[PDB]
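Undergrad: Below: the sequence, then the experimentally determined structure.
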Amino acid sequence: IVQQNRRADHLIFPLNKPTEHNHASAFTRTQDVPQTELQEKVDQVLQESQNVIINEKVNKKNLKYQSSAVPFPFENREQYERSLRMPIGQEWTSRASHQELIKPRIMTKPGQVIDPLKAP
Amino acid sequence: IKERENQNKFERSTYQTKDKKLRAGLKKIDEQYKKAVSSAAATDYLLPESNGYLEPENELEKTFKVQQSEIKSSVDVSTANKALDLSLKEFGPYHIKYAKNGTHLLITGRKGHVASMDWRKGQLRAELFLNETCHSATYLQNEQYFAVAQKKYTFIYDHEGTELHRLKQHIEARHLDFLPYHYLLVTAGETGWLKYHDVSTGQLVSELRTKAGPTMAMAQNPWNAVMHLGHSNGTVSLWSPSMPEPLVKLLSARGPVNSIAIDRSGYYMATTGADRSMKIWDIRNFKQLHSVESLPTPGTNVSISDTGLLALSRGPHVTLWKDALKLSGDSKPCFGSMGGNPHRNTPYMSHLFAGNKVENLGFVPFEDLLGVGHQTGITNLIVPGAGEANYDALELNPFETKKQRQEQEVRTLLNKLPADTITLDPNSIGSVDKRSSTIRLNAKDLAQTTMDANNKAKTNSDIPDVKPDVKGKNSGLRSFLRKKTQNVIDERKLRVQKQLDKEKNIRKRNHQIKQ
Amino acid sequence: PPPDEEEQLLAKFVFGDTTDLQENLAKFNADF
Amino acid sequence: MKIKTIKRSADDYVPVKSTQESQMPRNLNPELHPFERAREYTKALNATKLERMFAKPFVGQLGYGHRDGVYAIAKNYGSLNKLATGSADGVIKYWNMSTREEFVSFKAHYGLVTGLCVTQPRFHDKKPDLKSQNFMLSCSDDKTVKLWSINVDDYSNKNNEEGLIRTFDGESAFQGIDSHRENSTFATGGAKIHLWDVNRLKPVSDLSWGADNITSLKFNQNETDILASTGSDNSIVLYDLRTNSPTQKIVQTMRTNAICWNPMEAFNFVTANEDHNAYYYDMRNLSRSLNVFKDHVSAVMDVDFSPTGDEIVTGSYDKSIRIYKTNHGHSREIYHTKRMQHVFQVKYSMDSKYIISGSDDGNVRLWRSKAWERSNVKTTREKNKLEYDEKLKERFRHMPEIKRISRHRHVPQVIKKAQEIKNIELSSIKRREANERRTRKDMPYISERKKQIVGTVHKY
Amino acid sequence: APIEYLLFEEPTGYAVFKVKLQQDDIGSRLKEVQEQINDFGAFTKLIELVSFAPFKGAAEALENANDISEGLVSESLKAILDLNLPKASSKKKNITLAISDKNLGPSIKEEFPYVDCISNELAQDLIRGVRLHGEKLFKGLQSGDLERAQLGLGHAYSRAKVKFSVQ
Amino acid sequence: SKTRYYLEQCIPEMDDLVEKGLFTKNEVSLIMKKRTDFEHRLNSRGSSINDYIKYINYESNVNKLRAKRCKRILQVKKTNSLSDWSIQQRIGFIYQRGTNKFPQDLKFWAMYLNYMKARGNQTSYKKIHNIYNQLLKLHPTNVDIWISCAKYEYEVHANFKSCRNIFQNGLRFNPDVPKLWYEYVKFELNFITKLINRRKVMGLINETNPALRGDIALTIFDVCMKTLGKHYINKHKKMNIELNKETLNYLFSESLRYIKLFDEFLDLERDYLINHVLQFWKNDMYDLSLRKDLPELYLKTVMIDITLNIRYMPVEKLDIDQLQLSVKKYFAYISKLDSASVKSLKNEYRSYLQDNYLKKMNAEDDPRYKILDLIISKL
RNA sequence: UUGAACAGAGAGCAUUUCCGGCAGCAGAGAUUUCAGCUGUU
């Protein structure tokens, strides 16, 4: 379960499944005891019943907009630059895709106690 | 993730691991990329409008024979009224500019009559009689501010027409432009200096010395905000504010470059020169596709519409070509089909302003209209298939209100792009530095590299290895000892001299043994 | 096979075309 | 000749009714949207600057504080807003953090309140009313462990006794206390570790490994039968109650001050150390640590996990609090104040939104876990804007000036000078080790996660 | 405990709301969470109307007003809380119900043993928000002019307590 | 925004429709333009329930066109694809959104319920129960929704326990409405009649009890009288005596209409039910004597008993002994009552006996009809 | 702590059961529709 939770893409707390009770309905009486005189009486009766020149100089003002090296989790530049391939923005993506991309990993209810997880 | 027909324009380019976390993360990244691209291409069902067209039914029907009166009678009344004609005989000729929404029009006479209007409403925002020579005008981020290139200095006016600024640093500018994401007003002119001014803060960002005399032409690349200037020597130069020298020099024409246009995708550029030559270039790969030679008269202006129509104005004429920007030689614009050859690209349309001269051209944004400025004012020609039918309301809204304009101003101001981000390739932001290592080096590998660098001096790998097979004429040790300074004597040069002597002795011994 | 009259009525409503309305406008002159 | 143009009906773009919003036609063609990378980069940089503007972490202090420094802090694992604090004058207060005021204060002990925990007692004869009353155990140097009941106003189901229920009396002083998460049992440190029961007036069992004192205890949250303890002989000893025995012992270079178990992983725990570091450990293999958290200057006095298990919080003797992600070996955030002094207890709220710290000055303080976040409920547009900003910051965190702005904190001058002194000392040790590696042809390369361990009792 | 349901006593009837989101309590004294009560775009994210049982008449309105003032539970309150609240266990995991009046809690607890009544400051904030916004949250299910119902009920309550005699 | 999300959810259906031969891409574009208009109207400000109704009508006609197109081109009644249920799912979702936004529009609630009942095979009894649960919580004081809930459960599922529970909860919320009491009595009489006829069916296939008697309906009747009287008094609260007399007169009309329901129920023991209701009205009510308080109603009840002694029997098969017993009871009542009351009761009895037998049978045709004419002349 | 009987909820999981083909009969509803039965596939 801990490896499943580690490699899970999204964790929505409470991860423990809360106990669920019978929904309140008009089709059944919840008390299981007659609470009205009518119910009492009815139940009672029922019970008893060159061209191109290109500048090769290094644009030194541009280097603040580039990475200094390949960063940690990726081991090479091809992987790192593939991580930046598609924009997250609503201008460049569909609405559902934008929501999916901006969806965070750890999500919690705003005012509830988070518990240690139970054993399955 | 079904494959789709229109997926190609939504595809993005990019410049076997043992790690399991990295493998799963890269698999998730690829899956999200494919899903996002397919779901973006799936939204073409939600496009509300379709582009216009002009199709001939018979073999005798030619599209260039169709007249503006016939088009105005055929099309609906709203577009017929949008095609407007203004007769302004006194202060001509008129250079015209449209807002990026296309809801406002800014005309500028040579004799100082500068007007800003809501052309579709018929409402005049501003009207100035400067009694002075005026060459160009442009709108700033809204219709609320506009810049006029007057006789010597460039002036900035508000919506009502009051002078806000007189830019002493911008001298004798003939060409004005605005980069709407960088808030940069770009001026070029008679001095041969390209100047970028920040209109939000008021600080002049760049002064670049073109060193090629007065600039004959100027266009912006809307894809990457690189300015294409045309000089009298026949070269188009590509400029970025962060570099003092041009990024690219293209030898386009023999004589002066009359005009430059760049398409919306930023992939194609058309130039006209004084040598009666119109050339269509690929920008990203910097080859030329087409070179129409010997036009009847030199083309004064080129414009390129959002759909990809190419408009050429030479004196009184305006001719438009459709699908002329493609790679194939069948797409080369021509004037006549020699006996009805279908491979020849005869003009999509033509119009003649008899007794007139076209001053400048501009396609109305998101409208099937081409505005022409000329000696007596402005005309709009109806061109089916010219403007982009489906706009995006987040970027540019033709039906924008006052509060939407007010919010969009602050939004764009907050997301103003710094001028140093302008490059030839817009996908350079976020990349690894080119001098940096392709693979990541950790502590162990960096320590191993440091140990190798320390042991290189002991192993003598710094100096070139002795090669007896290579002749002493081209030997690397000989070139090293020649390139080093003669007076200064160092240990490295001493070792190089000893190794060169040893290699020369070995080569002499081998030559003596052979002989 | 050709469409049924019910199918064409449904097509007119669903696709929202006004060809019948323009035809009636062209046809309507000096009826009364 | 077919002539067809763009015709736009005004009804599809300008609404007829005044009350209706305008339509937003959208075209996802990238030609209409240039400058993807630069535009998203500028949005992300503005998000980092906005985070730096909105970083206002201090929520506020609890009450008027204790008369003396706060040395024991225990949260209620069942209730979100309740806390128990105990100071060096023997005074123990139960706190409601919602109103920031105390339910009750007790002059509990005569010595220092060495340990405090919040319990749910389970007696044989009777069932306590846990909806109306809360319970806490304390242990001190006056050789006593005491149980207390506090009246609580959370529910209004009805229209008793606050104070001492039962006193557990021991032979020597007690140094820490913790209670079992599903039983009635609890353990106290001191000279020997004793497993007690609330129904018995004397210890149920003695779990001590040899003749050494034990400073702090912690029960596992998931595998509730596991215990861990810290000793003054630089030792961490695990215990299992099913076998009723001290499981394993590890000896490190310096004494560990506090232990916290992962809420989400039954077999991981963090130890605060006098190394100025904290160490993340796997119970199954104690020959190496999973992670080393290295940013503090003086001895780390307390450690607590987030309830989600993603983050830890450390409070140290250098008068600062530091928050760590479990992935990275360096801190994400530092909290300090001129009024704050040596921090001996940090706890992380059950909401995982707040951090509670008790200091030598006697004040208990509430901080935000994330300084830029706010506690209002967000509308849909605001929530999406904040999530997009977080994802964009995560995407472009690797950039130079985004990193430059993001890593910036104002740090006290003492902490900054001590950081540069430790940097110089570490560089000196690095050159000495380089000289030793130059001298010796074959020297072993020992891992940073291996360096702190002197040994283990049971070899692997 | 988190609040699951909320009971509001209108002059015109009883209303039961479901608490969709919990307002945080440790920072419940903060400026943000105290202004989210006033703002309607944020309070709607917290609470949503499940049920509304209107009173039959002015006499029943007065009778229920007297019962609420005394702290008693009427047949109308029993009916609405029986229809809406789910049947839970008395021993563990009761249903939490937010009440404005603390004295009403024991009566509801005796009628429904599976209900824990909460009347702390957090529930008071929620009930204050419901009273503040009022007719907006009822989605037009209100059938009578609530202000005039209030005015008449206040007059009837005062006359009934004073025992006003027209003779 | 929400409009964009809903349109992108509409996308896979058009993928399926384009994948089949059913719809052209331009036709899909026109349909999505109309859907864009409707979704913008729903998700914007200033919306109405009429926008929901128009959008549901549009999607219904789209489904009809899709069905015709699938019949015509592919020659199959339905494809096995997404598109045959997706419009139905969308219409249900529009109904759900509309009922959530404007819960007070009972016509829209009825349209939702009718649509979900009509698509019977695809829907679920769970879904219908959930819609009833939401609606009954939102409008607990609407009697017709309780009646419709009980009716759906009785004819579709034949769930007598659920029907009884629905009627009991509805009467808990609406004890002052006579209509719900009437429908409860009608349901219980229907249930016991179905039980009686089921036992008779068993007794004819092969080769007592108060439930079969009707005492459940009688107890519901008595509780109805007490509760309706109390709530009528509470609504309208010497003058108190006049109000009590008016309340008794008001309850008398509901009792007589229950008598008419009993007369409609031919299979049940009509004589037993009429005996019970006249026993109740013989018992005094509202602290006043019934006969002294309402002599007109007392004479009406006496004439009703005297007539219904033989009115259950047909005129063609009428018993002369039973008619003579009824006439003797009428004579005893006339002797007990005042002279004007006796004359009015005699006139009413003569008119009832005339309309029963004299028009049906001739004096020449039946020898007993001459004796009946003589008795009518005597009366 | 477990078992049994009872009353349930719609609120989870599984299905290697059946039904969303056709023909025919018959009933009901508002000429069509609806589920059902009998065959067949």
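TA: Noted; the coordinates are in hand. Numbers count the residues shown, from 1 in each chain, chains lettered A, B, ... in the order given.

Undergrad: what sits against the most centrally placed residue in chain D?
TA: Taking Cα atoms, centre = their mean as the criterion, residue D:304 is the residue nearest the geometric centre of chain D, at 2.7 Å. Residues near residue D:304 by Cβ atoms under 8 Å, 6 or more residues apart in numbering or on different chains: D:260, D:312, D:313, D:346, D:347, D:348. For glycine as for every other residue, the C-beta is placed from the backbone atoms N, C-alpha and C.

Undergrad: Quick one: name the residues of chain A near chain E.
TA: Residues of chain A lying close to chain E by Cβ under 8 Å from any Cβ of the partner chain are A:19, A:21-24, A:26, A:30-31, A:35, A:109-112.

Undergrad: Count the residues that sit near the residue found closest to residue D:436 once you drop the neighbours it is linked to in the chain.
TA: Distances taken as Cβ to Cβ, 6 or more residues apart in numbering or on different chains put residue D:443 closest to residue D:436, at 6.6 Å, once the chain neighbours are dropped. Neighbours of residue D:443 under the rule other Cβ atoms under 10 Å in any protein chain shown: 11.

Undergrad: Please indicate which of the contacts of residue D:304 has the highest neighbour count?
TA: residue D:346 (30 neighbours).

Undergrad: one step back: and the residues of chain A next to chain E as TSV, adding secondary structure and distance to chain D?
TA: Formatted as TSV, these follow (DSSP: H, G, I helix; E, B strand; the rest coil; distance: Cβ to the nearest Cβ, whole Å):
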residue	secondary structure	distance to chain D
A:19	coil	15
A:21	coil	18
A:22	strand	22
A:23	coil	23
A:24	coil	20
A:26	coil	27
A:30	coil	20
A:31	coil	19
A:35	coil	21
A:109	coil	9
A:110	coil	6
A:111	coil	7
A:112	coil	7
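
Undergrad: on that earlier part again, determine whether the claim that the residue nearest to the centre of chain D is in a strand is correct.
TA: Yes. Under DSSP: H, G, I helix; E, B strand; the rest coil, residue D:304 sits within a strand.

Undergrad: Can you show me the helices along the stretch 251-379 of chain F?
TA: Applying DSSP state H, counting those that start in this stretch to the stretch 251-379 of chain F gives helices spanning F:270-282, F:290-293, F:295-311, F:320-336, F:339-353, F:367-378.

Undergrad: same deal with chain C?
TA: For chain C, the helices defined by DSSP state H occupy C:5-15, C:19-27.

Undergrad: Does chain D have contacts with the last one?
TA: I take that to be helix C:19-27. No. Applying Cβ under 8 Å from any Cβ, one finds helix C:19-27 separated from chain D by no less than 14.8 Å.

Undergrad: how far does that helix sit from the chain's center?
TA: Distance, stretch centre to chain centre, for helix C:19-27: 8 Å (Cα atoms, centre = their mean, to the nearest Å).

Undergrad: Same question for stretch B:387-406.
TA: Centroid separation for stretch B:387-406 versus its chain: 23 Å, with Cα atoms, centre = their mean.

Undergrad: swap in stretch D:275-282?
TA: On the basis of Cα atoms, centre = their mean, the separation between the geometric centre of stretch D:275-282 and that of its chain is 14 Å.

Undergrad: ok, now stretch B:250-270?
TA: 9 Å.

Undergrad: Now residue F:40: which helix or strand?
TA: Residue F:40 is located in helix F:25-43, with elements delineated by DSSP states H and E.

Undergrad: Give me the ChimeraX select line for the residues of chain A next to chain E, limited to the buried ones.
TA: The command below creates a ChimeraX selection of those among the residues of chain A next to chain E that count as buried (16 or more other Cβ atoms under 10 Å in any protein chain shown):
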select /A:21,24,26,30,35,110,111,112
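
Undergrad: and which of the residues of chain A next to chain E is nearest residue F:114?
TA: Of all these, residue F:114 sits closest to residue A:26, with 19.4 Å by Cβ to Cβ.

Undergrad: got a list of what the closest one touches?
TA: Contact partners of residue A:26, counting by Cβ under 8 Å, 6+ apart, are E:83, F:132, F:133, F:136, F:146, F:149, F:165, F:166, F:169, F:170.

Undergrad: Reduced to three states, what does the fifth one come out as?
TA: It stands for residue F:146. helix.

Undergrad: That one touches residue F:167, doesn't it?
TA: Yes. In terms of Cβ atoms under 8 Å, residue F:146 counts as a neighbour of residue F:167; the distance is 7.3 Å.

Undergrad: anything in contact with each of the two?
TA: If you check residue F:146 and residue F:167 against Cβ under 8 Å, 6+ apart, the residues they both contact are residue F:180.

Undergrad: Excluding sequence neighbours, find me the nearest residue to the residue nearest the centre of chain C.
TA: The residue lying closest to the centre of chain C (Cα atoms, centre = their mean) is residue C:20, at 2.8 Å. The shortest distance from residue C:20 to any non-neighbouring residue, by Cβ to Cβ, 6+ apart, is to residue C:12 (6.5 Å).

Undergrad: hang on, the earlier thing: quick one: closest of the helices of chain C to residue B:366.
TA: Of the helices of chain C, nearest to residue B:366 by Cβ to Cβ is helix C:5-15, at 25.2 Å.

Undergrad: Could I have the CA atoms of the closest one written out in PDB?
TA: Extracted C-alpha coordinates of helix C:5-15, given in PDB (Å, rounded to 0.1, in the frame of the first residue of the first chain):
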ATOM      1  CA  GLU C   5     -40.800  14.400 -45.400                       C
ATOM      2  CA  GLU C   6     -40.600  13.900 -41.600                       C
ATOM      3  CA  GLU C   7     -36.800  13.600 -41.900                       C
ATOM      4  CA  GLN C   8     -36.600  16.800 -43.900                       C
ATOM      5  CA  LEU C   9     -38.700  18.600 -41.300                       C
ATOM      6  CA  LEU C  10     -36.500  17.400 -38.500                       C
ATOM      7  CA  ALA C  11     -33.400  18.400 -40.600                       C
ATOM      8  CA  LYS C  12     -34.800  21.900 -41.000                       C
ATOM      9  CA  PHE C  13     -35.400  22.300 -37.300                       C
ATOM     10  CA  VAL C  14     -32.200  20.800 -36.200                       C
ATOM     11  CA  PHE C  15     -29.900  22.500 -38.700                       C
END
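
Undergrad: Could you identify which of the helices of chain C is most buried?
TA: Among the helices of chain C, judged by mean count of other Cβ atoms under 10 Å in any protein chain shown, the one packed with the most neighbours on average is helix C:5-15 (a mean of 16).

Undergrad: Which other helices and strands does it contact?
TA: Helix C:5-15 sits against helix F:25-43, helix F:49-72, with contacts defined as 3 or more Cβ pairs under 8 Å, 6 or more residues apart in numbering or on different chains; DSSP states H and E.

Undergrad: With distance to chain A and mean neighbour count as extra columns, can I get these in a markdown table?
TA: Shown next, in a markdown table, are these (distance: least, Cβ to the nearest Cβ, whole Å; neighbours: other Cβ atoms under 10 Å in any protein chain shown):
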| stretch | distance to chain A | mean neighbour count |
| --- | --- | --- |
| helix F:25-43 | 12 | 19 |
| helix F:49-72 | 20 | 18 |
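
Undergrad: what about those, which gets the closest to chain E?
TA: With Cβ to the nearest Cβ, the closest approach to chain E among the helices and strands packed on helix C:5-15 belongs to helix F:49-72: 10.6 Å.

Undergrad: That closest one vs chain C: in contact?
TA: Yes. Helix F:49-72 reaches chain C (Cβ under 8 Å from any Cβ) through F:58, F:61, F:62, F:64, F:65, F:68, F:69, F:72.

Undergrad: Would you agree the third one is in contact with residue C:16?
TA: In other words, residue F:62. No. Between residue F:62 and residue C:16 there is no contact under Cβ under 8 Å: 11.3 Å.
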